[PDB]
Amino acid sequence: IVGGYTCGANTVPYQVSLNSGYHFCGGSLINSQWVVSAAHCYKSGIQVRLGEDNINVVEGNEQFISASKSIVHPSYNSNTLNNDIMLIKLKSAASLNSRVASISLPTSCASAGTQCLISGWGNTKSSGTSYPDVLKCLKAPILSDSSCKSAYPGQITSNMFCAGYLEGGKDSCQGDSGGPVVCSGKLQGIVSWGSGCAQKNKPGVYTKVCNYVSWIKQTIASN
Amino acid sequence: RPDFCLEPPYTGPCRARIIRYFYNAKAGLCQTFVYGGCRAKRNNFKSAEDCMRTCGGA
Ligand SMILES: [Ca+2]
């Protein structure tokens with residue numbers, strides 16, 4: 001039983017590819033001109049790609065829109081990885097349809113146990129290399145803080161959550177950062193970091209989105 | 001020239017997929033590797049030209 005599965009074309013309509021010559025991270029469309037991603041995905045020269053499945057062929061559903069602005073969270077900490085959140089303004093608004101859609105911000109935080117969908121075109125081998133062409137998905141439960149903090153002693157902040165399986169084998173990996181953790185319709189996490197990928201006792205670590213909802217709404221509103 | 005230049009490429013914990021450069025002394029040239037976005041070490045360059053200039057000939 002392999003962790004990820006091929007989501008299906010345009011079944012995760014709010015997934016974006018961030019591109020700078022190649023796919024370097026993911027992100028989530030939260031309205032027609034804004035993307036939320038990971039602060040460590042900040043680059044110059046992003047083009048956001050929407051309505052992808054195969055990131056290597058032009059299947060017709062695409063909208064490739066450059067960003068005008070990229071706002072990294074004022075308290076992002078490069079070392080501690082705390083507040084690993086960034087907002088990206090499109091040059092122009094996306095045309096929103098069925099294959100291209102946005103994802104609602106949480107109105108409250110998810111509890112441990114809540115099962116989520118993690119998507120992305122990251123590395124599909126725990127140890128190894130293989131970057132898929134099409135979008136992969138993974139359903140993975142939210143982990144308890146207590147367990148999270150045992151997995152990464154002295155490193156988890158209030159702004160972080162662990163999700164996945166203590167067994168390992170099912171995770172998200174390099175290429176996945178910035179991309180969603182959607183739970184019960186709402187956007188709860190951002191793919192952020194981990195020790196390796198899909199290791200035993202080392203779940204993935206995610207930015208706790210429900211902490212920032214105010215900051216996002218406002219920051220969108222005045223930019 | 002230096003000694004960070006002999007250290008192996010560090011992807012680190014972050015899950016980006018960013019192509020960078022390191023000095024490979026077993027090849028005698030600067031190579032590409034997958035940098036996960038954070039906590040970079042010094043044998044991590046953003047171009048081959050930089051890499052060659054700091055590390056080249058180590
Ligand atoms: Ca495509």
# chains A, B, ... in the order shown; residues from 1 in each chain; ligands from 1
$ residues_near_ligand --ligand "ligand 1" --cutoff "10 Å" --atoms "only C-alpha atoms and all ligand atoms" --output "ChimeraX atom specification"
/A:9-10,17,49-63,133-135
$ interface_residues --of "chain B" --to "chain A" --cutoff "10 Å" --atoms "only C-alpha atoms" --output "VMD selection string"
chain B and resid 11 to 19 34 to 40
$ residues_around --residues "residue 202 of chain A" --least-positions-apart "2" --cutoff "10 Å" --atoms "only C-alpha atoms" --output "MDAnalysis selection string"
chainID A and resid 148 150:152 162:168 171 194:200 204:205
$ select_by_dssp --residues "segment 7-202 of chain A" --states "strand (DSSP E)" --output "mmCIF file with N, CA, C and O atoms, in the first residue's frame"
data_model
loop_
_atom_site.group_PDB
_atom_site.id
_atom_site.type_symbol
_atom_site.label_atom_id
_atom_site.label_comp_id
_atom_site.auth_asym_id
_atom_site.auth_seq_id
_atom_site.Cartn_x
_atom_site.Cartn_y
_atom_site.Cartn_z
ATOM 1 N N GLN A 15 -5.189 23.831 -6.431
ATOM 2 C CA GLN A 15 -3.758 23.568 -6.328
ATOM 3 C C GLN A 15 -3.063 24.418 -7.358
ATOM 4 O O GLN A 15 -3.463 24.395 -8.539
ATOM 5 N N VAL A 16 -2.003 25.010 -6.958
ATOM 6 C CA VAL A 16 -1.186 25.704 -7.939
ATOM 7 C C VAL A 16 0.239 25.188 -8.067
ATOM 8 O O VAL A 16 0.879 24.757 -7.084
ATOM 9 N N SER A 17 0.793 25.358 -9.200
ATOM 10 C CA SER A 17 2.203 25.109 -9.274
ATOM 11 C C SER A 17 2.904 26.455 -9.212
ATOM 12 O O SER A 17 2.574 27.306 -10.064
ATOM 13 N N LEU A 18 3.892 26.646 -8.335
ATOM 14 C CA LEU A 18 4.808 27.779 -8.479
ATOM 15 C C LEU A 18 5.992 27.375 -9.348
ATOM 16 O O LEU A 18 6.709 26.404 -9.010
ATOM 17 N N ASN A 19 6.246 28.150 -10.406
ATOM 18 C CA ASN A 19 7.288 27.904 -11.413
ATOM 19 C C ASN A 19 8.323 29.016 -11.556
ATOM 20 O O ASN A 19 8.010 30.164 -11.930
ATOM 21 N N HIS A 23 9.032 23.643 -11.669
ATOM 22 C CA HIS A 23 8.136 23.534 -10.533
ATOM 23 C C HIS A 23 8.963 23.450 -9.278
ATOM 24 O O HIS A 23 9.888 22.584 -9.219
ATOM 25 N N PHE A 24 8.824 24.465 -8.435
ATOM 26 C CA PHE A 24 9.676 24.451 -7.251
ATOM 27 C C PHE A 24 8.864 24.293 -5.965
ATOM 28 O O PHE A 24 9.375 23.759 -4.963
ATOM 29 N N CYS A 25 7.591 24.646 -5.994
ATOM 30 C CA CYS A 25 6.707 24.512 -4.836
ATOM 31 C C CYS A 25 5.280 24.455 -5.324
ATOM 32 O O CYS A 25 5.033 24.900 -6.488
ATOM 33 N N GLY A 26 4.393 24.217 -4.379
ATOM 34 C CA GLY A 26 2.955 24.326 -4.563
ATOM 35 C C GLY A 26 2.408 25.581 -3.895
ATOM 36 O O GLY A 26 3.193 26.447 -3.378
ATOM 37 N N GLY A 27 1.088 25.636 -3.874
ATOM 38 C CA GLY A 27 0.316 26.729 -3.260
ATOM 39 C C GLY A 27 -1.158 26.514 -3.522
ATOM 40 O O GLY A 27 -1.474 25.535 -4.231
ATOM 41 N N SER A 28 -2.011 27.258 -2.832
ATOM 42 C CA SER A 28 -3.499 27.187 -2.847
ATOM 43 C C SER A 28 -4.070 28.556 -3.209
ATOM 44 O O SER A 28 -3.571 29.577 -2.658
ATOM 45 N N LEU A 29 -5.004 28.508 -4.149
ATOM 46 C CA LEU A 29 -5.797 29.635 -4.625
ATOM 47 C C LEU A 29 -6.895 29.909 -3.614
ATOM 48 O O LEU A 29 -7.710 28.976 -3.353
ATOM 49 N N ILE A 30 -6.826 31.073 -2.974
ATOM 50 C CA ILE A 30 -7.789 31.454 -1.921
ATOM 51 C C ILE A 30 -8.805 32.520 -2.333
ATOM 52 O O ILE A 30 -9.966 32.521 -1.843
ATOM 53 N N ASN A 31 -8.506 33.150 -3.452
ATOM 54 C CA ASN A 31 -9.465 33.882 -4.315
ATOM 55 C C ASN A 31 -8.789 34.158 -5.640
ATOM 56 O O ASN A 31 -7.583 33.793 -5.718
ATOM 57 N N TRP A 34 -5.309 35.962 -5.324
ATOM 58 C CA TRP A 34 -4.331 35.574 -4.287
ATOM 59 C C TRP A 34 -4.019 34.091 -4.124
ATOM 60 O O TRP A 34 -4.910 33.217 -4.236
ATOM 61 N N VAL A 35 -2.761 33.813 -3.897
ATOM 62 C CA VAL A 35 -2.235 32.469 -3.558
ATOM 63 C C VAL A 35 -1.621 32.433 -2.154
ATOM 64 O O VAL A 35 -0.885 33.367 -1.757
ATOM 65 N N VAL A 36 -1.883 31.381 -1.406
ATOM 66 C CA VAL A 36 -1.125 31.219 -0.163
ATOM 67 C C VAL A 36 -0.095 30.072 -0.332
ATOM 68 O O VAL A 36 -0.362 29.038 -1.027
ATOM 69 N N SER A 37 1.140 30.368 0.101
ATOM 70 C CA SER A 37 2.223 29.402 0.004
ATOM 71 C C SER A 37 3.138 29.524 1.201
ATOM 72 O O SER A 37 2.700 30.114 2.213
ATOM 73 N N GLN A 47 6.157 32.417 -11.861
ATOM 74 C CA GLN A 47 4.895 32.306 -12.553
ATOM 75 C C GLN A 47 3.966 31.267 -11.890
ATOM 76 O O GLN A 47 4.401 30.162 -11.431
ATOM 77 N N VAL A 48 2.732 31.650 -11.620
ATOM 78 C CA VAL A 48 1.920 30.691 -10.935
ATOM 79 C C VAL A 48 1.252 29.940 -12.047
ATOM 80 O O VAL A 48 0.827 30.643 -13.005
ATOM 81 N N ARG A 49 1.179 28.598 -11.942
ATOM 82 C CA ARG A 49 0.389 27.810 -12.905
ATOM 83 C C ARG A 49 -0.838 27.123 -12.338
ATOM 84 O O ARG A 49 -0.699 26.309 -11.403
ATOM 85 N N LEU A 50 -1.984 27.460 -12.879
ATOM 86 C CA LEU A 50 -3.292 27.013 -12.406
ATOM 87 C C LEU A 50 -3.955 26.031 -13.364
ATOM 88 O O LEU A 50 -3.666 26.103 -14.589
ATOM 89 N N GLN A 63 -3.731 28.217 -16.917
ATOM 90 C CA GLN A 63 -3.620 29.668 -16.841
ATOM 91 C C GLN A 63 -2.336 29.901 -16.130
ATOM 92 O O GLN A 63 -2.169 29.181 -15.128
ATOM 93 N N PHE A 64 -1.367 30.464 -16.839
ATOM 94 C CA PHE A 64 -0.018 30.727 -16.329
ATOM 95 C C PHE A 64 0.023 32.221 -16.041
ATOM 96 O O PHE A 64 -0.079 32.992 -17.004
ATOM 97 N N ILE A 65 -0.015 32.649 -14.813
ATOM 98 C CA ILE A 65 -0.077 34.066 -14.474
ATOM 99 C C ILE A 65 1.050 34.407 -13.537
ATOM 100 O O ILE A 65 1.167 33.814 -12.443
ATOM 101 N N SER A 66 1.854 35.340 -13.935
ATOM 102 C CA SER A 66 2.921 35.839 -13.134
ATOM 103 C C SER A 66 2.386 36.538 -11.894
ATOM 104 O O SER A 66 1.257 37.071 -11.913
ATOM 105 N N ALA A 67 3.205 36.604 -10.883
ATOM 106 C CA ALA A 67 2.866 37.341 -9.672
ATOM 107 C C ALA A 67 3.331 38.799 -9.724
ATOM 108 O O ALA A 67 4.541 39.037 -9.912
ATOM 109 N N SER A 68 2.519 39.704 -9.240
ATOM 110 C CA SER A 68 2.934 41.105 -9.067
ATOM 111 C C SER A 68 3.639 41.379 -7.759
ATOM 112 O O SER A 68 4.655 42.101 -7.770
ATOM 113 N N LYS A 69 3.186 40.756 -6.687
ATOM 114 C CA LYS A 69 3.749 40.875 -5.346
ATOM 115 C C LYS A 69 3.819 39.505 -4.655
ATOM 116 O O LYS A 69 2.866 38.694 -4.776
ATOM 117 N N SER A 70 4.759 39.379 -3.752
ATOM 118 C CA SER A 70 4.898 38.242 -2.853
ATOM 119 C C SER A 70 5.145 38.699 -1.427
ATOM 120 O O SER A 70 6.235 39.256 -1.197
ATOM 121 N N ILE A 71 4.201 38.483 -0.542
ATOM 122 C CA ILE A 71 4.350 38.915 0.824
ATOM 123 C C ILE A 71 4.596 37.764 1.796
ATOM 124 O O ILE A 71 3.668 37.029 2.222
ATOM 125 N N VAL A 72 5.797 37.737 2.266
ATOM 126 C CA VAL A 72 6.242 36.816 3.322
ATOM 127 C C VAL A 72 5.830 37.358 4.673
ATOM 128 O O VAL A 72 5.666 38.583 4.842
ATOM 129 N N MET A 86 3.289 32.787 3.219
ATOM 130 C CA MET A 86 3.543 33.842 2.216
ATOM 131 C C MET A 86 2.308 33.955 1.393
ATOM 132 O O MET A 86 1.669 32.885 1.168
ATOM 133 N N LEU A 87 2.021 35.176 0.963
ATOM 134 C CA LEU A 87 0.887 35.453 0.037
ATOM 135 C C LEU A 87 1.327 36.007 -1.310
ATOM 136 O O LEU A 87 2.412 36.582 -1.500
ATOM 137 N N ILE A 88 0.695 35.546 -2.296
ATOM 138 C CA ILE A 88 1.193 35.883 -3.594
ATOM 139 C C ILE A 88 0.023 36.456 -4.358
ATOM 140 O O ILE A 88 -1.013 35.776 -4.515
ATOM 141 N N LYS A 89 0.240 37.669 -4.827
ATOM 142 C CA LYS A 89 -0.696 38.370 -5.689
ATOM 143 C C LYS A 89 -0.362 38.080 -7.164
ATOM 144 O O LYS A 89 0.807 38.209 -7.590
ATOM 145 N N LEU A 90 -1.350 37.610 -7.869
ATOM 146 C CA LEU A 90 -1.316 37.493 -9.321
ATOM 147 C C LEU A 90 -1.206 38.853 -10.050
ATOM 148 O O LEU A 90 -1.836 39.851 -9.624
ATOM 149 N N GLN A 115 -9.059 13.861 9.322
ATOM 150 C CA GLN A 115 -8.364 13.359 8.134
ATOM 151 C C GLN A 115 -8.305 14.392 7.017
ATOM 152 O O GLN A 115 -9.329 15.073 6.802
ATOM 153 N N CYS A 116 -7.134 14.616 6.424
ATOM 154 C CA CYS A 116 -7.003 15.718 5.449
ATOM 155 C C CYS A 116 -6.535 15.239 4.093
ATOM 156 O O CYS A 116 -6.065 14.094 4.044
ATOM 157 N N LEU A 117 -6.555 16.075 3.077
ATOM 158 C CA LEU A 117 -5.941 15.801 1.752
ATOM 159 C C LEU A 117 -4.756 16.721 1.475
ATOM 160 O O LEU A 117 -4.889 17.965 1.484
ATOM 161 N N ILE A 118 -3.636 16.120 1.304
ATOM 162 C CA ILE A 118 -2.368 16.733 0.943
ATOM 163 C C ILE A 118 -2.090 16.433 -0.529
ATOM 164 O O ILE A 118 -2.320 15.270 -0.964
ATOM 165 N N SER A 119 -1.846 17.469 -1.310
ATOM 166 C CA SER A 119 -1.647 17.309 -2.756
ATOM 167 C C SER A 119 -0.322 17.932 -3.122
ATOM 168 O O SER A 119 0.195 18.727 -2.299
ATOM 169 N N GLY A 120 0.201 17.582 -4.281
ATOM 170 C CA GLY A 120 1.427 18.191 -4.722
ATOM 171 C C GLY A 120 2.161 17.343 -5.739
ATOM 172 O O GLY A 120 1.818 16.151 -5.920
ATOM 173 N N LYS A 136 -0.361 14.222 -7.512
ATOM 174 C CA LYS A 136 -0.595 13.180 -6.453
ATOM 175 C C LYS A 136 -1.301 13.703 -5.201
ATOM 176 O O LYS A 136 -1.082 14.877 -4.804
ATOM 177 N N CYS A 137 -2.134 12.856 -4.602
ATOM 178 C CA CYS A 137 -2.865 13.127 -3.361
ATOM 179 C C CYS A 137 -2.533 12.101 -2.305
ATOM 180 O O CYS A 137 -2.063 11.002 -2.670
ATOM 181 N N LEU A 138 -2.799 12.464 -1.069
ATOM 182 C CA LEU A 138 -2.597 11.676 0.166
ATOM 183 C C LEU A 138 -3.582 12.108 1.252
ATOM 184 O O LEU A 138 -3.840 13.321 1.455
ATOM 185 N N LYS A 139 -4.338 11.164 1.772
ATOM 186 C CA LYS A 139 -5.150 11.472 2.942
ATOM 187 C C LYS A 139 -4.400 11.070 4.204
ATOM 188 O O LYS A 139 -3.646 10.074 4.131
ATOM 189 N N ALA A 140 -4.282 11.972 5.147
ATOM 190 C CA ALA A 140 -3.410 11.807 6.316
ATOM 191 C C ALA A 140 -4.005 12.562 7.486
ATOM 192 O O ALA A 140 -4.698 13.557 7.183
ATOM 193 N N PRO A 141 -4.068 11.993 8.674
ATOM 194 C CA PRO A 141 -4.885 12.532 9.778
ATOM 195 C C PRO A 141 -4.066 13.614 10.451
ATOM 196 O O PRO A 141 -2.819 13.504 10.534
ATOM 197 N N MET A 160 2.561 25.437 14.290
ATOM 198 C CA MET A 160 2.836 24.219 13.513
ATOM 199 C C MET A 160 1.973 23.047 13.921
ATOM 200 O O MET A 160 1.676 22.900 15.130
ATOM 201 N N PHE A 161 1.632 22.236 12.950
ATOM 202 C CA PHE A 161 1.037 20.889 13.180
ATOM 203 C C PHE A 161 1.692 19.766 12.379
ATOM 204 O O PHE A 161 2.295 20.023 11.323
ATOM 205 N N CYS A 162 1.646 18.566 12.913
ATOM 206 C CA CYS A 162 2.135 17.308 12.345
ATOM 207 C C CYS A 162 0.978 16.557 11.797
ATOM 208 O O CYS A 162 -0.098 16.541 12.433
ATOM 209 N N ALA A 163 1.207 15.962 10.683
ATOM 210 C CA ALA A 163 0.140 15.176 10.132
ATOM 211 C C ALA A 163 0.834 14.034 9.444
ATOM 212 O O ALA A 163 1.984 14.259 9.000
ATOM 213 N N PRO A 180 -1.420 22.617 -0.254
ATOM 214 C CA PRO A 180 -2.499 22.563 0.741
ATOM 215 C C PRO A 180 -2.448 21.306 1.616
ATOM 216 O O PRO A 180 -2.198 20.186 1.096
ATOM 217 N N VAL A 181 -3.077 21.495 2.772
ATOM 218 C CA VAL A 181 -3.686 20.494 3.626
ATOM 219 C C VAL A 181 -5.132 20.898 3.881
ATOM 220 O O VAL A 181 -5.416 21.773 4.726
ATOM 221 N N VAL A 182 -6.015 20.362 3.104
ATOM 222 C CA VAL A 182 -7.418 20.662 3.181
ATOM 223 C C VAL A 182 -8.266 19.742 4.089
ATOM 224 O O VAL A 182 -8.359 18.496 3.910
ATOM 225 N N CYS A 183 -8.939 20.282 5.064
ATOM 226 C CA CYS A 183 -9.698 19.355 5.873
ATOM 227 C C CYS A 183 -11.183 19.684 5.964
ATOM 228 O O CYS A 183 -11.567 20.774 6.456
ATOM 229 N N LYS A 186 -11.960 23.049 4.181
ATOM 230 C CA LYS A 186 -11.315 24.280 4.579
ATOM 231 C C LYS A 186 -9.803 24.198 4.454
ATOM 232 O O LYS A 186 -9.243 23.084 4.557
ATOM 233 N N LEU A 187 -9.097 25.263 4.247
ATOM 234 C CA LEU A 187 -7.629 25.110 4.164
ATOM 235 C C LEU A 187 -6.923 25.172 5.518
ATOM 236 O O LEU A 187 -6.872 26.235 6.182
ATOM 237 N N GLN A 188 -6.386 24.048 5.982
ATOM 238 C CA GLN A 188 -5.836 24.043 7.355
ATOM 239 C C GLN A 188 -4.321 24.132 7.441
ATOM 240 O O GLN A 188 -3.702 24.655 8.418
ATOM 241 N N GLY A 189 -3.668 23.635 6.438
ATOM 242 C CA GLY A 189 -2.222 23.645 6.576
ATOM 243 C C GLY A 189 -1.515 24.042 5.299
ATOM 244 O O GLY A 189 -2.074 23.891 4.169
ATOM 245 N N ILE A 190 -0.244 24.300 5.490
ATOM 246 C CA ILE A 190 0.688 24.452 4.379
ATOM 247 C C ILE A 190 1.828 23.474 4.586
ATOM 248 O O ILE A 190 2.455 23.527 5.662
ATOM 249 N N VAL A 191 2.080 22.638 3.606
ATOM 250 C CA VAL A 191 3.239 21.735 3.534
ATOM 251 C C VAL A 191 4.556 22.452 3.823
ATOM 252 O O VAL A 191 4.878 23.510 3.239
ATOM 253 N N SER A 192 5.243 22.091 4.876
ATOM 254 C CA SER A 192 6.362 22.941 5.211
ATOM 255 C C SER A 192 7.690 22.194 5.362
ATOM 256 O O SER A 192 8.708 22.658 4.791
ATOM 257 N N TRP A 193 7.757 21.196 6.225
ATOM 258 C CA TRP A 193 9.024 20.525 6.621
ATOM 259 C C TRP A 193 8.873 19.219 7.429
ATOM 260 O O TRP A 193 7.739 18.674 7.508
#
$ select_by_dssp --residues "segment 7-187 of chain A" --states "alpha helix (DSSP H)" --output "ChimeraX atom specification"
/A:145-151
$ write_last_selection --atoms "N, CA, C and O atoms" --output "JSON list (two decimals), in the first residue's frame"
[["chain", "number", "residue", "atom", "x", "y", "z"],
["A", 145, "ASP", "N", -0.78, 17.42, 19.28],
["A", 145, "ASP", "CA", 0.37, 18.29, 19.51],
["A", 145, "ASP", "C", 1.41, 17.57, 20.33],
["A", 145, "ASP", "O", 2.63, 17.82, 20.19],
["A", 146, "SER", "N", 0.87, 16.74, 21.19],
["A", 146, "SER", "CA", 1.73, 16.10, 22.19],
["A", 146, "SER", "C", 2.68, 15.11, 21.54],
["A", 146, "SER", "O", 3.93, 15.27, 21.67],
["A", 147, "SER", "N", 2.08, 14.41, 20.59],
["A", 147, "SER", "CA", 2.83, 13.46, 19.77],
["A", 147, "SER", "C", 3.76, 14.16, 18.78],
["A", 147, "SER", "O", 4.97, 13.82, 18.70],
["A", 148, "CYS", "N", 3.24, 15.21, 18.17],
["A", 148, "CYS", "CA", 4.08, 16.05, 17.32],
["A", 148, "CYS", "C", 5.33, 16.52, 18.06],
["A", 148, "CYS", "O", 6.47, 16.45, 17.55],
["A", 149, "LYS", "N", 5.13, 16.94, 19.27],
["A", 149, "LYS", "CA", 6.28, 17.52, 19.99],
["A", 149, "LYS", "C", 7.25, 16.49, 20.55],
["A", 149, "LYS", "O", 8.42, 16.88, 20.85],
["A", 150, "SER", "N", 6.80, 15.23, 20.54],
["A", 150, "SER", "CA", 7.67, 14.10, 20.85],
["A", 150, "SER", "C", 8.46, 13.73, 19.61],
["A", 150, "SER", "O", 9.71, 13.59, 19.67],
["A", 151, "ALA", "N", 7.77, 13.74, 18.48],
["A", 151, "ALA", "CA", 8.50, 13.56, 17.21],
["A", 151, "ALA", "C", 9.58, 14.62, 16.99],
["A", 151, "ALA", "O", 10.74, 14.28, 16.66]]
$ atom_distance --atom1 "atom CA of residue 22 of chain B" --atom2 "atom CA of residue 44 of chain B"
5.1 Å
$ residues_around --residues "residue 57 of chain B" --least-positions-apart "4" --cutoff "8 Å" --atoms "only C-alpha atoms" --output "short mmCIF file (atom, residue, chain, number, x, y, z; two decimals) with N, CA and C atoms, in the first residue's frame"
data_model
loop_
_atom_site.label_atom_id
_atom_site.label_comp_id
_atom_site.auth_asym_id
_atom_site.auth_seq_id
_atom_site.Cartn_x
_atom_site.Cartn_y
_atom_site.Cartn_z
N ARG B 1 38.13 27.17 -3.85
CA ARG B 1 39.23 26.84 -2.93
C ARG B 1 38.93 26.23 -1.55
N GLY B 28 35.46 17.49 -9.58
CA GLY B 28 36.23 18.67 -10.07
C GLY B 28 35.35 19.71 -10.78
N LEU B 29 34.10 19.68 -10.49
CA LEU B 29 33.27 20.76 -10.97
C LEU B 29 32.03 20.94 -10.10
N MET B 52 31.73 28.31 -9.08
CA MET B 52 33.03 28.19 -9.65
C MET B 52 33.93 29.26 -9.03
#
$ residues_around --residues "residue 159 of chain A" --least-positions-apart "2" --cutoff "10 Å" --atoms "only C-alpha atoms" --output "list in words"
residues 81, 82, 83, 84, 156, 157, 161, 189, 206, 207, 208, 209, 210, 211 and 212 of chain A
$ closest_residue --among "A:77, A:91, A:215, A:107" --to "residue 46 of chain A" --atoms "only C-alpha atoms"
A:91
$ atom_distance --atom1 "atom CA of residue 74 of chain A" --atom2 "atom CA of residue 221 of chain A"
16.3 Å
$ atom_distance --atom1 "atom CA of residue 93 of chain A" --atom2 "atom CA of residue 33 of chain A"
4.6 Å
$ residues_around --residues "residue 45 of chain B" --least-positions-apart "5" --cutoff "8 Å" --atoms "only C-alpha atoms" --output "list in words"
residues 20, 21, 22, 50 and 51 of chain B
$ write_last_selection --atoms "N, CA, C and O atoms" --output "compact mmCIF listing (two decimals), in the first residue's frame"
# COMPACT_ATOMS: atom_id res chain seq x y z
N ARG B 20 19.83 24.04 -6.99
CA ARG B 20 21.04 24.82 -6.66
C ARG B 20 22.28 24.08 -7.13
O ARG B 20 22.19 22.97 -7.72
N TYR B 21 23.39 24.68 -6.75
CA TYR B 21 24.75 24.24 -7.04
C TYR B 21 25.60 23.95 -5.82
O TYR B 21 25.71 24.76 -4.88
N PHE B 22 26.41 22.94 -5.97
CA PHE B 22 27.47 22.70 -4.99
C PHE B 22 28.79 22.36 -5.65
O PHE B 22 28.80 21.87 -6.82
N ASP B 50 28.88 31.47 -9.75
CA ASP B 50 29.20 31.81 -8.34
C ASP B 50 30.00 30.70 -7.69
O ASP B 50 30.88 30.95 -6.82
N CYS B 51 29.52 29.49 -8.02
CA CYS B 51 30.07 28.30 -7.38
C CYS B 51 31.53 28.13 -7.78
O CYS B 51 32.44 27.96 -6.91
